[PDB]
């Protein structure tokens, strides 16, 4: 319904142990939107049920003339904190709908089709925490023997990786094995690994 408010959302990827914040933009031909609900598909016209319960949202400047124009769309904040105990797999996404109402009571229609994703329909994808980070591997630590790093050398590699990766969670644990393999264990206990060849060299040859 192009006489109902129109919504532009996005690909709302979120990560265990991390806060998220996205904005959707809403316009209406009347220039005004009075109400915005984000909801699961189930329930019928009056439902506001939305899960997971940690998905929050808010819309400032509701119910004012000109609050929802093409040149200055209404914005809805979609935010929350993803718990560490969320299940993560290829199916750990949640398809949700943004419904907005204009002064005539026309509400954005919910159409159950993936071609509407990024409009009034959006997918909230929950990923493990390691997926938020792409550890930098540009550091180089020279060790005596690549097949047998000492404790000091293992700590040196971990410190080099940390120094190259100020953005990874401070409480993520960087450990290095006896052959220089790096494991980054995130707060949600997911891991990234860095092969030794990318962080360690020796002068044995």
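Numbering follows the first chain given and starts at 1.
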Checklist entry - Taking only the CA atoms, which stretch has the higher mean B-factor in the record, 119 to 127 or 100 to 108? => result 100 to 108
Checklist entry - Between 42 to 50 and 151 to 159, which has the larger average Cα B-factor in the PDB entry? => result 42 to 50
Checklist entry - Out of 190, 19, 197, 183, which shows the largest CA B-factor listed in the entry? => result 197
Item to check | Among 95, 72, 85, 76 - the residue whose C-alpha B-factor is largest in the record | outcome: 85
Checklist entry - residue 26's Cα B-factor: lowest, middle or highest third of the chain? => result lowest
Item to check | Record-listed C-alpha B factor of residue 62: chain third | outcome: highest
Checklist entry - By its CA B factor, does residue 35 count among the lowest, middle or highest third of the modelled residues in the chain? => result highest
Checklist outcome for this item: On the chain's distribution of Cα B-factors, residue 55 falls within the third called lowest
Next on the checklist: Ranking the modelled residues of this chain by C-alpha B-factor as given in the entry, is residue 146 in the lowest, middle or highest third?
Outcome noted: highest
